[PDB]
$ cat my_file_6.cif   # mmCIF, N, CA and C atoms
data_final
#
loop_
_atom_site.label_atom_id
_atom_site.label_comp_id
_atom_site.auth_asym_id
_atom_site.auth_seq_id
_atom_site.Cartn_x
_atom_site.Cartn_y
_atom_site.Cartn_z
N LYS X 11 0.86 -1.23 0.00
CA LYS X 11 0.00 0.00 0.00
C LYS X 11 0.88 1.25 0.00
N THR X 12 0.50 2.27 -0.77
CA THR X 12 1.22 3.56 -0.88
C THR X 12 1.07 4.38 0.40
N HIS X 13 0.04 4.10 1.20
CA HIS X 13 -0.20 4.80 2.48
C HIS X 13 -0.49 3.78 3.58
N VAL X 14 -0.07 4.12 4.80
CA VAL X 14 -0.28 3.25 5.99
C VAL X 14 -0.79 4.12 7.14
N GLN X 15 -1.91 3.70 7.74
CA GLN X 15 -2.49 4.35 8.94
C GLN X 15 -1.59 4.04 10.12
N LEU X 16 -1.08 5.08 10.77
CA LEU X 16 -0.23 4.94 11.98
C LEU X 16 -0.78 5.84 13.07
N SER X 17 -0.60 5.41 14.31
CA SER X 17 -0.86 6.20 15.54
C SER X 17 0.49 6.39 16.23
N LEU X 18 1.02 7.62 16.18
CA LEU X 18 2.40 7.93 16.61
C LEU X 18 2.36 8.44 18.04
N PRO X 19 3.13 7.83 18.97
CA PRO X 19 3.23 8.34 20.33
C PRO X 19 3.89 9.73 20.31
N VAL X 20 3.24 10.71 20.91
CA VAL X 20 3.77 12.09 21.02
C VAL X 20 4.62 12.14 22.30
N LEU X 21 5.91 12.43 22.18
CA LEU X 21 6.86 12.45 23.31
C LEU X 21 7.21 13.90 23.67
N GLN X 22 7.44 14.17 24.96
CA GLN X 22 8.03 15.45 25.42
C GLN X 22 9.52 15.41 25.07
N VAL X 23 10.06 16.48 24.47
CA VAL X 23 11.47 16.55 24.01
C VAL X 23 12.43 16.13 25.14
N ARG X 24 12.17 16.54 26.39
CA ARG X 24 13.12 16.23 27.50
C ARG X 24 13.06 14.75 27.92
N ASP X 25 12.05 13.99 27.50
CA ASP X 25 12.00 12.52 27.77
C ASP X 25 12.78 11.74 26.73
N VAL X 26 13.02 12.32 25.57
CA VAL X 26 13.54 11.53 24.43
C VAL X 26 14.96 11.05 24.72
N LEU X 27 15.18 9.74 24.65
CA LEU X 27 16.50 9.13 24.93
C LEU X 27 17.38 9.09 23.68
N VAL X 28 16.80 8.89 22.50
CA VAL X 28 17.59 8.81 21.25
C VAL X 28 17.06 9.93 20.37
N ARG X 29 17.87 10.97 20.20
CA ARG X 29 17.39 12.31 19.81
C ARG X 29 17.49 12.49 18.29
N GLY X 30 17.76 11.42 17.55
CA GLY X 30 17.69 11.45 16.08
C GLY X 30 17.93 10.09 15.51
N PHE X 31 17.92 9.99 14.19
CA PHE X 31 17.92 8.70 13.46
C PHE X 31 19.29 8.40 12.85
N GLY X 32 20.22 9.33 12.84
CA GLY X 32 21.52 9.07 12.21
C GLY X 32 22.17 10.34 11.73
N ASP X 33 23.08 10.20 10.77
CA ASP X 33 24.17 11.17 10.57
C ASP X 33 24.14 11.78 9.16
N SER X 34 23.26 11.32 8.28
CA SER X 34 23.08 11.86 6.91
C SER X 34 21.59 12.01 6.66
N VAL X 35 21.22 12.85 5.70
CA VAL X 35 19.79 13.02 5.30
C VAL X 35 19.28 11.65 4.87
N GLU X 36 20.06 10.93 4.07
CA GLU X 36 19.57 9.67 3.50
C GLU X 36 19.38 8.63 4.62
N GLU X 37 20.28 8.62 5.61
CA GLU X 37 20.19 7.64 6.72
C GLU X 37 18.97 7.98 7.60
N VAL X 38 18.74 9.25 7.89
CA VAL X 38 17.67 9.59 8.86
C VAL X 38 16.33 9.29 8.20
N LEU X 39 16.16 9.58 6.90
CA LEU X 39 14.91 9.25 6.18
C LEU X 39 14.74 7.73 6.14
N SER X 40 15.82 6.99 5.88
CA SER X 40 15.82 5.49 5.86
C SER X 40 15.34 4.95 7.21
N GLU X 41 16.03 5.39 8.27
CA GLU X 41 15.78 4.91 9.65
C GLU X 41 14.36 5.31 10.06
N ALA X 42 13.93 6.54 9.75
CA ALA X 42 12.58 7.02 10.12
C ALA X 42 11.55 6.07 9.49
N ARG X 43 11.75 5.76 8.21
CA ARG X 43 10.80 4.90 7.46
C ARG X 43 10.80 3.51 8.08
N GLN X 44 11.98 2.97 8.41
CA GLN X 44 12.07 1.64 9.07
C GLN X 44 11.33 1.65 10.43
N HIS X 45 11.58 2.64 11.29
CA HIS X 45 10.95 2.78 12.64
C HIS X 45 9.43 2.97 12.50
N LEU X 46 9.00 3.72 11.49
CA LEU X 46 7.55 3.90 11.24
C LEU X 46 6.91 2.56 10.92
N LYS X 47 7.50 1.77 10.02
CA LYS X 47 7.04 0.41 9.66
C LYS X 47 7.03 -0.47 10.91
N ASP X 48 8.04 -0.38 11.79
CA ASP X 48 8.29 -1.30 12.95
C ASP X 48 7.51 -0.86 14.20
N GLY X 49 6.80 0.26 14.15
CA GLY X 49 6.04 0.82 15.28
C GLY X 49 6.96 1.31 16.38
N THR X 50 8.18 1.73 16.04
CA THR X 50 9.19 2.18 17.03
C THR X 50 9.55 3.65 16.75
N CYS X 51 8.58 4.44 16.32
CA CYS X 51 8.81 5.86 15.94
C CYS X 51 7.92 6.75 16.79
N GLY X 52 8.52 7.78 17.40
CA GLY X 52 7.76 8.78 18.15
C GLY X 52 7.75 10.11 17.43
N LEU X 53 6.95 11.03 17.92
CA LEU X 53 6.73 12.36 17.32
C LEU X 53 6.92 13.37 18.44
N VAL X 54 7.73 14.38 18.18
CA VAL X 54 7.89 15.56 19.06
C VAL X 54 7.29 16.78 18.36
N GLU X 55 6.37 17.46 19.03
CA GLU X 55 5.72 18.66 18.48
C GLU X 55 6.73 19.80 18.59
N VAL X 56 6.88 20.54 17.50
CA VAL X 56 7.95 21.55 17.35
C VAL X 56 7.40 22.84 17.96
N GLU X 57 8.08 23.33 18.99
CA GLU X 57 7.88 24.68 19.56
C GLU X 57 9.26 25.30 19.80
N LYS X 58 9.27 26.56 20.21
CA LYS X 58 10.48 27.32 20.59
C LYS X 58 11.34 26.43 21.48
N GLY X 59 12.58 26.21 21.07
CA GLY X 59 13.62 25.53 21.87
C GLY X 59 13.61 24.02 21.74
N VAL X 60 12.65 23.43 21.01
CA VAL X 60 12.63 21.94 20.81
C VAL X 60 13.78 21.52 19.91
N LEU X 61 13.90 22.09 18.70
CA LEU X 61 14.84 21.51 17.70
C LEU X 61 16.29 21.54 18.18
N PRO X 62 16.77 22.60 18.87
CA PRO X 62 18.15 22.62 19.36
C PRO X 62 18.43 21.50 20.39
N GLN X 63 17.38 20.91 20.96
CA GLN X 63 17.49 19.78 21.93
C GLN X 63 17.51 18.44 21.20
N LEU X 64 17.28 18.43 19.89
CA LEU X 64 17.34 17.19 19.08
C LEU X 64 18.55 17.24 18.16
N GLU X 65 18.87 16.11 17.54
CA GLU X 65 20.07 15.95 16.72
C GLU X 65 19.69 16.08 15.25
N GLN X 66 20.44 16.88 14.53
CA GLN X 66 20.40 16.94 13.04
C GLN X 66 21.16 15.77 12.43
N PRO X 67 20.83 15.32 11.20
CA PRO X 67 19.66 15.81 10.47
C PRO X 67 18.33 15.49 11.17
N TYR X 68 17.36 16.39 11.06
CA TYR X 68 15.96 16.22 11.52
C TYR X 68 15.14 15.51 10.45
N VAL X 69 14.15 14.72 10.90
CA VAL X 69 13.09 14.18 10.01
C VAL X 69 11.77 14.76 10.49
N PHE X 70 11.09 15.53 9.63
CA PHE X 70 9.74 16.09 9.92
C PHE X 70 8.69 15.21 9.25
N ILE X 71 7.50 15.13 9.86
CA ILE X 71 6.26 14.80 9.11
C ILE X 71 5.53 16.11 8.83
N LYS X 72 5.16 16.28 7.57
CA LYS X 72 4.50 17.47 7.03
C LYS X 72 3.18 17.06 6.35
N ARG X 73 2.13 17.84 6.55
CA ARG X 73 0.79 17.56 5.98
C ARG X 73 0.92 17.61 4.45
N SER X 74 0.47 16.56 3.76
CA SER X 74 0.68 16.39 2.30
C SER X 74 -0.62 16.72 1.56
N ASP X 75 -1.70 17.02 2.28
CA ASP X 75 -3.08 17.16 1.73
C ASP X 75 -4.02 17.70 2.82
N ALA X 76 -5.12 18.38 2.42
CA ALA X 76 -6.20 18.90 3.30
C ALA X 76 -7.43 17.98 3.23
N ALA X 79 -8.39 14.13 5.40
CA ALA X 79 -7.84 13.40 6.57
C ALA X 79 -8.61 12.11 6.78
N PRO X 80 -8.37 11.07 5.95
CA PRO X 80 -9.15 9.83 6.00
C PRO X 80 -9.19 9.15 7.37
N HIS X 81 -10.40 8.94 7.90
CA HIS X 81 -10.68 8.15 9.13
C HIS X 81 -10.05 8.81 10.36
N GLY X 82 -9.82 10.13 10.35
CA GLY X 82 -9.13 10.90 11.41
C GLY X 82 -7.63 11.05 11.17
N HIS X 83 -7.07 10.25 10.25
CA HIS X 83 -5.62 10.19 9.92
C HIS X 83 -5.24 11.29 8.92
N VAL X 84 -4.43 12.24 9.37
CA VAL X 84 -3.85 13.32 8.52
C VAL X 84 -2.83 12.69 7.58
N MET X 85 -2.93 13.00 6.29
CA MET X 85 -1.96 12.49 5.30
C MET X 85 -0.68 13.30 5.45
N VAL X 86 0.44 12.61 5.56
CA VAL X 86 1.74 13.26 5.82
C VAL X 86 2.77 12.61 4.92
N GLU X 87 3.87 13.32 4.73
CA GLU X 87 5.10 12.75 4.14
C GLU X 87 6.32 13.23 4.93
N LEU X 88 7.45 12.58 4.67
CA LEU X 88 8.74 12.85 5.36
C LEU X 88 9.53 13.90 4.59
N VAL X 89 10.09 14.87 5.33
CA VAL X 89 11.09 15.86 4.85
C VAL X 89 12.25 15.94 5.85
N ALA X 90 13.48 15.75 5.40
CA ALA X 90 14.69 15.88 6.24
C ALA X 90 15.21 17.30 6.16
N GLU X 91 15.98 17.68 7.18
CA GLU X 91 16.63 19.01 7.27
C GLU X 91 18.02 18.85 7.88
N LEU X 92 19.00 19.49 7.25
CA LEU X 92 20.42 19.51 7.69
C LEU X 92 20.99 20.90 7.37
N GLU X 93 21.45 21.60 8.41
CA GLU X 93 22.04 22.96 8.33
C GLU X 93 21.16 23.84 7.44
N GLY X 94 19.84 23.83 7.72
CA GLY X 94 18.88 24.79 7.16
C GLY X 94 18.46 24.47 5.74
N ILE X 95 18.87 23.32 5.21
CA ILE X 95 18.39 22.84 3.87
C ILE X 95 17.48 21.63 4.07
N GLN X 96 16.31 21.65 3.44
CA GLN X 96 15.27 20.59 3.50
C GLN X 96 15.32 19.76 2.22
N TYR X 97 15.08 18.48 2.37
CA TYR X 97 15.11 17.47 1.28
C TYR X 97 13.70 16.90 1.24
N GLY X 98 12.97 17.43 0.27
CA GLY X 98 11.51 17.34 0.23
C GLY X 98 10.87 18.70 0.31
N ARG X 99 9.62 18.70 -0.09
CA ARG X 99 8.76 19.88 -0.13
C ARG X 99 7.38 19.35 0.23
N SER X 100 6.74 19.91 1.24
CA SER X 100 5.42 19.44 1.73
C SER X 100 4.77 20.58 2.50
N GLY X 101 3.69 20.28 3.23
CA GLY X 101 2.89 21.29 3.95
C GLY X 101 3.42 21.55 5.34
N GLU X 102 2.51 21.92 6.23
CA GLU X 102 2.80 22.34 7.61
C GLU X 102 3.40 21.15 8.39
N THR X 103 4.40 21.43 9.21
CA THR X 103 5.04 20.44 10.13
C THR X 103 4.03 19.99 11.19
N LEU X 104 3.82 18.69 11.33
CA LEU X 104 3.05 18.09 12.46
C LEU X 104 4.01 17.78 13.61
N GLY X 105 5.28 17.59 13.29
CA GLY X 105 6.34 17.47 14.30
C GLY X 105 7.60 16.82 13.77
N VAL X 106 8.51 16.52 14.68
CA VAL X 106 9.82 15.93 14.32
C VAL X 106 9.80 14.49 14.82
N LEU X 107 10.27 13.56 13.98
CA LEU X 107 10.27 12.13 14.32
C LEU X 107 11.55 11.79 15.07
N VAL X 108 11.43 10.85 16.00
CA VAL X 108 12.58 10.34 16.80
C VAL X 108 12.29 8.86 17.03
N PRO X 109 13.33 8.07 17.26
CA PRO X 109 13.16 6.71 17.75
C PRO X 109 12.34 6.75 19.03
N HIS X 110 11.48 5.75 19.16
CA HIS X 110 10.72 5.47 20.39
C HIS X 110 11.31 4.23 21.05
N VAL X 111 11.77 4.37 22.28
CA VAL X 111 12.43 3.26 23.03
C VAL X 111 11.72 3.09 24.37
N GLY X 112 10.41 3.37 24.43
CA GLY X 112 9.59 3.09 25.62
C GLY X 112 9.28 4.31 26.47
N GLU X 113 9.64 5.52 26.05
CA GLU X 113 9.18 6.78 26.70
C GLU X 113 7.65 6.79 26.77
N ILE X 114 7.10 7.29 27.88
CA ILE X 114 5.63 7.48 28.02
C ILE X 114 5.19 8.69 27.21
N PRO X 115 4.26 8.49 26.25
CA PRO X 115 3.73 9.59 25.47
C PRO X 115 2.73 10.44 26.27
N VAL X 116 2.51 11.65 25.76
CA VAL X 116 1.49 12.60 26.29
C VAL X 116 0.24 12.49 25.44
N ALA X 117 0.34 11.94 24.23
CA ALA X 117 -0.78 11.84 23.28
C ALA X 117 -0.38 10.95 22.12
N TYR X 118 -1.33 10.71 21.23
CA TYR X 118 -1.12 9.99 19.96
C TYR X 118 -1.56 10.91 18.83
N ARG X 119 -0.85 10.84 17.72
CA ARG X 119 -1.13 11.58 16.47
C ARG X 119 -1.41 10.54 15.40
N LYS X 120 -2.68 10.42 14.98
CA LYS X 120 -3.14 9.56 13.86
C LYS X 120 -2.67 10.20 12.55
N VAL X 121 -1.89 9.46 11.77
CA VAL X 121 -1.41 9.95 10.45
C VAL X 121 -1.63 8.84 9.42
N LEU X 122 -1.80 9.25 8.18
CA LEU X 122 -1.70 8.38 6.98
C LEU X 122 -0.37 8.72 6.29
N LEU X 123 0.61 7.82 6.36
CA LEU X 123 2.00 8.06 5.88
C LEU X 123 2.12 7.59 4.44
N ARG X 124 2.42 8.51 3.52
CA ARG X 124 2.89 8.16 2.16
C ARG X 124 4.19 7.35 2.32
N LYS X 125 4.13 6.06 1.97
CA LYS X 125 5.20 5.04 2.13
C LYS X 125 5.69 4.60 0.75
#
$ encode --input "my_file_6.cif" --output "structure tokens"
Amino acid sequence: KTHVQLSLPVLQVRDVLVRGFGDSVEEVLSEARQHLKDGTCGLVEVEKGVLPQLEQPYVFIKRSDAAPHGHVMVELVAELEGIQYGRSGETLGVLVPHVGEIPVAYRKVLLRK
């Protein structure tokens, strides 16, 4: 399927133990996609002071369309030193590995895979 319904655990930035997916744009997009498939991916909502607490390259989920079954359609965009790889809509948040942190909420998304 080109899209997969996911419910992403929303983590507080200060709880996150593994603060990024790797060391290149291509690796972080790869790892993000693998963790999303494996149900081991969390979401941090981006506010003032969040991104400097996480590791670049960043992987964002961005709204790809204006929401089947409650699930917002999203796609992945990476960012490294202020350059983005991808073009999409509004940021829903930044993806990070999930290693058992307690979430504050869930974000229903339909991921273009």
$ residues_around --input "my_file_6.cif" --residues "stretch 52-54 of chain X" --least-positions-apart "6" --cutoff "7 Å" --atoms "only N, CA and C atoms" --output "MDAnalysis selection string"
chainID X and resid 18:23 45 104:111
$ closest_residue --input "my_file_6.cif" --among "X:71, X:89, X:122, X:61" --to "residue X:36" --atoms "only C-alpha atoms"
X:89
$ atom_distance --input "my_file_6.cif" --atom1 "atom N of residue X:95" --atom2 "atom C of residue X:75"
23.7 Å
$ atom_distance --input "my_file_6.cif" --atom1 "atom CA of residue X:100" --atom2 "atom CA of residue X:125"
14.4 Å
$ select_by_dssp --input "my_file_6.cif" --residues "chain X" --states "strand (DSSP E)" --output "PyMOL selection string"
chain X and resi 13-20+51-54+68-73+84-92+95-97+103-109+117-124
$ write_last_selection --input "my_file_6.cif" --atoms "N, CA and C atoms" --output "tab-separated table (two decimals), keeping the file's coordinate frame"
chain	number	residue	atom	x	y	z
X	13	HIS	N	0.04	4.10	1.20
X	13	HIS	CA	-0.20	4.80	2.48
X	13	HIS	C	-0.49	3.78	3.58
X	14	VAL	N	-0.07	4.12	4.80
X	14	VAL	CA	-0.28	3.25	5.99
X	14	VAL	C	-0.79	4.12	7.14
X	15	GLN	N	-1.91	3.70	7.74
X	15	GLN	CA	-2.49	4.35	8.94
X	15	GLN	C	-1.59	4.04	10.12
X	16	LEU	N	-1.08	5.08	10.77
X	16	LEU	CA	-0.23	4.94	11.98
X	16	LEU	C	-0.78	5.84	13.07
X	17	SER	N	-0.60	5.41	14.31
X	17	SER	CA	-0.86	6.20	15.54
X	17	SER	C	0.49	6.39	16.23
X	18	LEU	N	1.02	7.62	16.18
X	18	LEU	CA	2.40	7.93	16.61
X	18	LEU	C	2.36	8.44	18.04
X	19	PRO	N	3.13	7.83	18.97
X	19	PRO	CA	3.23	8.34	20.33
X	19	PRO	C	3.89	9.73	20.31
X	20	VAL	N	3.24	10.71	20.91
X	20	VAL	CA	3.77	12.09	21.02
X	20	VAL	C	4.62	12.14	22.30
X	51	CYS	N	8.58	4.44	16.32
X	51	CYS	CA	8.81	5.86	15.94
X	51	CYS	C	7.92	6.75	16.79
X	52	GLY	N	8.52	7.78	17.40
X	52	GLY	CA	7.76	8.78	18.15
X	52	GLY	C	7.75	10.11	17.43
X	53	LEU	N	6.95	11.03	17.92
X	53	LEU	CA	6.73	12.36	17.32
X	53	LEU	C	6.92	13.37	18.44
X	54	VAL	N	7.73	14.38	18.18
X	54	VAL	CA	7.89	15.56	19.06
X	54	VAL	C	7.29	16.78	18.36
X	68	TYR	N	17.36	16.39	11.06
X	68	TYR	CA	15.96	16.22	11.52
X	68	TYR	C	15.14	15.51	10.45
X	69	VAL	N	14.15	14.72	10.90
X	69	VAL	CA	13.09	14.18	10.01
X	69	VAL	C	11.77	14.76	10.49
X	70	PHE	N	11.09	15.53	9.63
X	70	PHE	CA	9.74	16.09	9.92
X	70	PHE	C	8.69	15.21	9.25
X	71	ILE	N	7.50	15.13	9.86
X	71	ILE	CA	6.26	14.80	9.11
X	71	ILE	C	5.53	16.11	8.83
X	72	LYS	N	5.16	16.28	7.57
X	72	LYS	CA	4.50	17.47	7.03
X	72	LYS	C	3.18	17.06	6.35
X	73	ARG	N	2.13	17.84	6.55
X	73	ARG	CA	0.79	17.56	5.98
X	73	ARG	C	0.92	17.61	4.45
X	84	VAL	N	-4.43	12.24	9.37
X	84	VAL	CA	-3.85	13.32	8.52
X	84	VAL	C	-2.83	12.69	7.58
X	85	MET	N	-2.93	13.00	6.29
X	85	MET	CA	-1.96	12.49	5.30
X	85	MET	C	-0.68	13.30	5.45
X	86	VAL	N	0.44	12.61	5.56
X	86	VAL	CA	1.74	13.26	5.82
X	86	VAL	C	2.77	12.61	4.92
X	87	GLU	N	3.87	13.32	4.73
X	87	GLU	CA	5.10	12.75	4.14
X	87	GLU	C	6.32	13.23	4.93
X	88	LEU	N	7.45	12.58	4.67
X	88	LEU	CA	8.74	12.85	5.36
X	88	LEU	C	9.53	13.90	4.59
X	89	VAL	N	10.09	14.87	5.33
X	89	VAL	CA	11.09	15.86	4.85
X	89	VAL	C	12.25	15.94	5.85
X	90	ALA	N	13.48	15.75	5.40
X	90	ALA	CA	14.69	15.88	6.24
X	90	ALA	C	15.21	17.30	6.16
X	91	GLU	N	15.98	17.68	7.18
X	91	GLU	CA	16.63	19.01	7.27
X	91	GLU	C	18.02	18.85	7.88
X	92	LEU	N	19.00	19.49	7.25
X	92	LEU	CA	20.42	19.51	7.69
X	92	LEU	C	20.99	20.90	7.37
X	95	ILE	N	18.87	23.32	5.21
X	95	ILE	CA	18.39	22.84	3.87
X	95	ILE	C	17.48	21.63	4.07
X	96	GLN	N	16.31	21.65	3.44
X	96	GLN	CA	15.27	20.59	3.50
X	96	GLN	C	15.32	19.76	2.22
X	97	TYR	N	15.08	18.48	2.37
X	97	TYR	CA	15.11	17.47	1.28
X	97	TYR	C	13.70	16.90	1.24
X	103	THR	N	4.40	21.43	9.21
X	103	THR	CA	5.04	20.44	10.13
X	103	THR	C	4.03	19.99	11.19
X	104	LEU	N	3.82	18.69	11.33
X	104	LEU	CA	3.05	18.09	12.46
X	104	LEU	C	4.01	17.78	13.61
X	105	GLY	N	5.28	17.59	13.29
X	105	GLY	CA	6.34	17.47	14.30
X	105	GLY	C	7.60	16.82	13.77
X	106	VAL	N	8.51	16.52	14.68
X	106	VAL	CA	9.82	15.93	14.32
X	106	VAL	C	9.80	14.49	14.82
X	107	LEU	N	10.27	13.56	13.98
X	107	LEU	CA	10.27	12.13	14.32
X	107	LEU	C	11.55	11.79	15.07
X	108	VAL	N	11.43	10.85	16.00
X	108	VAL	CA	12.58	10.34	16.80
X	108	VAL	C	12.29	8.86	17.03
X	109	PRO	N	13.33	8.07	17.26
X	109	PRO	CA	13.16	6.71	17.75
X	109	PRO	C	12.34	6.75	19.03
X	117	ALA	N	0.34	11.94	24.23
X	117	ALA	CA	-0.78	11.84	23.28
X	117	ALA	C	-0.38	10.95	22.12
X	118	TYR	N	-1.33	10.71	21.23
X	118	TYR	CA	-1.12	9.99	19.96
X	118	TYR	C	-1.56	10.91	18.83
X	119	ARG	N	-0.85	10.84	17.72
X	119	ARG	CA	-1.13	11.58	16.47
X	119	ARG	C	-1.41	10.54	15.40
X	120	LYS	N	-2.68	10.42	14.98
X	120	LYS	CA	-3.14	9.56	13.86
X	120	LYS	C	-2.67	10.20	12.55
X	121	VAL	N	-1.89	9.46	11.77
X	121	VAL	CA	-1.41	9.95	10.45
X	121	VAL	C	-1.63	8.84	9.42
X	122	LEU	N	-1.80	9.25	8.18
X	122	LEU	CA	-1.70	8.38	6.98
X	122	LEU	C	-0.37	8.72	6.29
X	123	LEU	N	0.61	7.82	6.36
X	123	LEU	CA	2.00	8.06	5.88
X	123	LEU	C	2.12	7.59	4.44
X	124	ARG	N	2.42	8.51	3.52
X	124	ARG	CA	2.89	8.16	2.16
X	124	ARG	C	4.19	7.35	2.32
$ resolve_selection --input "my_file_6.cif" --expression "the PyMOL selection byres (((chain X and resi 82 and name CA) around 10) and name CA)" --output "list in words"
residues 15, 79, 80, 81, 83, 84, 85, 119, 120, 121 and 122 of chain X
$ resolve_selection --input "my_file_6.cif" --expression "the PyMOL selection byres ((chain X and resi 99) around 8)" --output "ChimeraX atom specification"
/X:72-74,87-90,96-98,100-101
$ select_by_dssp --input "my_file_6.cif" --residues "chain X" --states "helix (DSSP H, G or I)" --output "list in words"
residues 23, 24, 25, 35, 36, 37, 38, 39, 40, 41, 42, 43, 44, 45, 46, 47, 48, 61, 62, 63, 80, 81 and 82 of chain X
$ atom_distance --input "my_file_6.cif" --atom1 "atom CA of residue X:50" --atom2 "atom CA of residue X:26"
12.7 Å
$ closest_residue --input "my_file_6.cif" --among "X:24, X:124, X:29, X:13" --to "residue X:64" --atoms "all atoms listed in the file"
X:29
$ axis_aligned_box --input "my_file_6.cif" --around "stretch 34-39 of chain X" --padding-each-side "8 Å" --output "JSON"
{"center_x": 19.0, "center_y": 10.3, "center_z": 6.2, "size_x": 24.5, "size_y": 21.4, "size_z": 21.4}
$ closest_residue --input "my_file_6.cif" --among "X:112, X:91, X:117, X:14" --to "residue X:69" --atoms "only N, CA and C atoms"
X:91
$ closest_residue --input "my_file_6.cif" --among "X:86, X:16, X:35, X:116" --to "residue X:66" --atoms "all atoms listed in the file"
X:35
$ closest_residue --input "my_file_6.cif" --among "X:11, X:58, X:33, X:103" --to "residue X:70" --atoms "all atoms listed in the file"
X:103
$ decode --input "my_file_6.cif" --residues "stretch 45-59 of chain X" --atoms "N, CA and C atoms" --output "PDB file, in the first residue's frame"
ATOM      1  N   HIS X  45      11.580   2.642  11.286  1.00  0.00           N
ATOM      2  CA  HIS X  45      10.950   2.775  12.641  1.00  0.00           C
ATOM      3  C   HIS X  45       9.431   2.972  12.500  1.00  0.00           C
ATOM      4  N   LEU X  46       9.002   3.716  11.491  1.00  0.00           N
ATOM      5  CA  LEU X  46       7.549   3.905  11.243  1.00  0.00           C
ATOM      6  C   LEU X  46       6.907   2.556  10.918  1.00  0.00           C
ATOM      7  N   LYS X  47       7.505   1.773  10.021  1.00  0.00           N
ATOM      8  CA  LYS X  47       7.037   0.414   9.659  1.00  0.00           C
ATOM      9  C   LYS X  47       7.026  -0.473  10.913  1.00  0.00           C
ATOM     10  N   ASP X  48       8.041  -0.384  11.795  1.00  0.00           N
ATOM     11  CA  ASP X  48       8.288  -1.303  12.946  1.00  0.00           C
ATOM     12  C   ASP X  48       7.515  -0.864  14.205  1.00  0.00           C
ATOM     13  N   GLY X  49       6.800   0.261  14.150  1.00  0.00           N
ATOM     14  CA  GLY X  49       6.042   0.816  15.284  1.00  0.00           C
ATOM     15  C   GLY X  49       6.961   1.313  16.384  1.00  0.00           C
ATOM     16  N   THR X  50       8.177   1.731  16.043  1.00  0.00           N
ATOM     17  CA  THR X  50       9.194   2.183  17.033  1.00  0.00           C
ATOM     18  C   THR X  50       9.552   3.648  16.749  1.00  0.00           C
ATOM     19  N   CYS X  51       8.583   4.442  16.317  1.00  0.00           N
ATOM     20  CA  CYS X  51       8.809   5.858  15.935  1.00  0.00           C
ATOM     21  C   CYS X  51       7.924   6.749  16.788  1.00  0.00           C
ATOM     22  N   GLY X  52       8.516   7.777  17.395  1.00  0.00           N
ATOM     23  CA  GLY X  52       7.756   8.784  18.154  1.00  0.00           C
ATOM     24  C   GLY X  52       7.754  10.107  17.426  1.00  0.00           C
ATOM     25  N   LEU X  53       6.946  11.033  17.918  1.00  0.00           N
ATOM     26  CA  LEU X  53       6.726  12.363  17.324  1.00  0.00           C
ATOM     27  C   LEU X  53       6.919  13.372  18.440  1.00  0.00           C
ATOM     28  N   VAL X  54       7.732  14.383  18.180  1.00  0.00           N
ATOM     29  CA  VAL X  54       7.888  15.564  19.065  1.00  0.00           C
ATOM     30  C   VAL X  54       7.295  16.777  18.363  1.00  0.00           C
ATOM     31  N   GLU X  55       6.372  17.459  19.033  1.00  0.00           N
ATOM     32  CA  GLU X  55       5.716  18.661  18.483  1.00  0.00           C
ATOM     33  C   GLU X  55       6.726  19.796  18.587  1.00  0.00           C
ATOM     34  N   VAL X  56       6.879  20.535  17.498  1.00  0.00           N
ATOM     35  CA  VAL X  56       7.951  21.550  17.350  1.00  0.00           C
ATOM     36  C   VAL X  56       7.402  22.835  17.962  1.00  0.00           C
ATOM     37  N   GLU X  57       8.082  23.335  18.990  1.00  0.00           N
ATOM     38  CA  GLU X  57       7.879  24.683  19.564  1.00  0.00           C
ATOM     39  C   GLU X  57       9.261  25.295  19.804  1.00  0.00           C
ATOM     40  N   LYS X  58       9.267  26.558  20.214  1.00  0.00           N
ATOM     41  CA  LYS X  58      10.480  27.322  20.590  1.00  0.00           C
ATOM     42  C   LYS X  58      11.340  26.428  21.482  1.00  0.00           C
ATOM     43  N   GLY X  59      12.582  26.209  21.073  1.00  0.00           N
ATOM     44  CA  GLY X  59      13.617  25.527  21.867  1.00  0.00           C
ATOM     45  C   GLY X  59      13.606  24.019  21.735  1.00  0.00           C
TER      46      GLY X  59
END
